[PDB]
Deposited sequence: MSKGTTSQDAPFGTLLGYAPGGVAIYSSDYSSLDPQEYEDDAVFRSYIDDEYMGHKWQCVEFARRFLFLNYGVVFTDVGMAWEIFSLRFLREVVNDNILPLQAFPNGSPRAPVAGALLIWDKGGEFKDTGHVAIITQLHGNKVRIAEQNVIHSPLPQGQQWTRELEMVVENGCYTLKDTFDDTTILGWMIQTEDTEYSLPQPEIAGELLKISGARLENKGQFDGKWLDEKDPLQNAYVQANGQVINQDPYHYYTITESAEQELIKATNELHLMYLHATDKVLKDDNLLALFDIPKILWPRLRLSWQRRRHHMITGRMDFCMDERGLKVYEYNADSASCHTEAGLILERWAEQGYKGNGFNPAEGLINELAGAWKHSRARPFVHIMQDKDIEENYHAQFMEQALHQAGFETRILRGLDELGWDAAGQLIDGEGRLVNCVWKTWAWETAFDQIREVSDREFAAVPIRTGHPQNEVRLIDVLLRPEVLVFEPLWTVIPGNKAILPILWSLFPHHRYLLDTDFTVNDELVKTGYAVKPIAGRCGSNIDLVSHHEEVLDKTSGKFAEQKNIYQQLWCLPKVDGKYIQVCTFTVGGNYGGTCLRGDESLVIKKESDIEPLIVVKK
């Protein structure tokens, strides 16, 4: 049958169809996958029958490496175990069956659902294998022979050149299960590289015909770093580890956020004005799927991969990674590798298209040359997604009508805004000074403040208010508490405890940014580095010391973007010091296989 024709149904009545964002398959606002791939079927099956889902993956074979499932109704996280083909642990109905990449399933690998177990066979349901209508009421696509001998179960596939990895069961019983796959240190090494110097960057290599690249130059000049002929590389294996961690930590952060918002004692730790709490909760409940983009900061090298923080509120660097660096490669890279942030623009337009933003969105940026290209970069994504826009620089163009409605300069109503401003800046206006958030709805001089916009109930804001929770460092000790000793986490606390004193630690303000007010204390007493900034008075958290690697004279940090909650790209930042700050450079990154 053609594309999308109904071929049959798997148990419980889950359709099986024959097999850029018109291909997204959703149930309510829960993403199932890309029509009509094998993963989309497996996730939809689990969603409709058991209310759980597995995290976004690039290819089906990667599913076998996952060790958790997300229970959609409460954002809970469940254990998922993996068993190798030939296991004493029988493959029960409902289990995920995973194929490694290879043969019939060349680069992708494959995934199916086991529907029934017999004595010498098993029936499974799947998408993207069978493309013809199944017979009346038959709720399985293929039967695979099973050999039970000496208590061990082995499945034999119908293709002569495939490799079945095993099956996965949602259970706490670890017996017979395999440990989580850990990447070998060496594949995570960041290494330096050089371009042949033929003078590719000895002039105006950035196109001043492009308004966007022009805005960048006006704020930075024709420069990315101290030596544009030098770049770094990472293995494709490393990129996949980054993608995995990004997708997992994002879910881990959302789970801790839910926990925080369900408990006043945990919420009090964030130092957000109490008058906002009910609103934080409302935002969490109704804008849960509305986060557009964020950035995670990681330390990556032979030692493994650890997250320092997650900039979920107002993340930048997009332009540099998804545009300036594309121009850089285009201008001087003749290699086989690729810029892992190449599709950022498109990914973002995708998020905006499936968001519930109003047709016209006002973009709010500070009157600051550096913010001009960021605001215009997002405007291009909004335009590609079909929205009309207007850029507000500063707050002077804003005023109120007689009734107290918000209007812009051309006289239109402002009811939807994407901002570059951090929510914390608005919280400051509350703390400077009631039965409600004290916002003005009229002024003799028509003086509109930041909070008078962002907290007007009728204004639809992006990023949503709840994002101040995962973007506040007070969440780190909570994440450590919920997932103690997790491979990607660093032990962090609200005090310098016994183990921390033993490991050395970083002191970081909970609502800071740009590498401000950071103190790095070695496992001795010595202060490795300390920075200044305006956040020295806020509460701090203490995070296990885990210093950036030094490669070719610079400390290099890896950053990944989330867009709509999934990996959207990678970029590097480098600094002469251990602490990355707003003025650290963007370093060209090439992923090589």
property: Stretches with no C-alpha atoms in the model, relative to the deposited sequence starting at 1; result: 1-9, 29-40, 455-458, 619
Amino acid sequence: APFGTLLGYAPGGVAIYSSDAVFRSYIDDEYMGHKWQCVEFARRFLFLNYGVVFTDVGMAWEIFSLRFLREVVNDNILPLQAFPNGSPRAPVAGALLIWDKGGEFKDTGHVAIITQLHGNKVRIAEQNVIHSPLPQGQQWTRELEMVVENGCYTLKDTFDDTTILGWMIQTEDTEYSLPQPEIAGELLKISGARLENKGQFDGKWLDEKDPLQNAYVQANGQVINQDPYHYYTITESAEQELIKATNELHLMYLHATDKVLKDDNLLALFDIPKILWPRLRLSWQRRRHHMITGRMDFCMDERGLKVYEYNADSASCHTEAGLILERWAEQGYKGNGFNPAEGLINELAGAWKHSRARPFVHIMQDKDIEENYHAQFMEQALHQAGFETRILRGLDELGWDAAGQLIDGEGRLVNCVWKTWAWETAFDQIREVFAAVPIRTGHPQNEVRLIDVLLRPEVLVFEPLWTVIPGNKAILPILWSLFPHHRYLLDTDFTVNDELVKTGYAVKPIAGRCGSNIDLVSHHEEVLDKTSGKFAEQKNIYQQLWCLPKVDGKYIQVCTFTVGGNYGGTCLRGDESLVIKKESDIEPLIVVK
From here on, numbers count along this sequence of modelled residues.
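Basically, rigid core = biggest C-alpha set you can superpose within 1.5 Å across the two forms.
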property: Higher-deviation segment by CA RMS in 4 other deposited structures of this protein, core fitted, 179-187 or 115-123; result: 115-123
property: Stretch departing more from the displayed form, 553-561 or 58-66, Cα RMS in 4 other deposited structures of this protein (core fit); result: 58-66
property: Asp575 dropped from a third or more of the other entries of this protein; result: no
property: Unresolved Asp20 in a third or more of other entries flanked by modelled residues; result: yes
property: Between the two ranges 8-16 and 21-29, the one averaging a larger CA B factor in the entry; result: 21-29
property: Given 110-118 and 364-372, the range whose Cα B-factors average higher in the PDB entry; result: 364-372
property: Peak C-alpha temperature factor (PDB record), options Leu413, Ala422, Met296, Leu450; result: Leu413
property: Residue with maximal Cα B-factor (values as given in the PDB entry) among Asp207, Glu239, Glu463, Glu126; result: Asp207
property: Chain thirds of CA B-factor: placement of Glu40; result: lowest
property: CA B-factor placement of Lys473, once the chain's modelled residues are sorted into thirds; result: lowest
property: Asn517 CA temperature factor, ranked by third within the chain; result: lowest
property: CA B-factor ranking of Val592, expressed as a third of its chain; result: middle
property: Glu62 by Cα B-factor - lowest, middle or highest third of the modelled chain; result: lowest
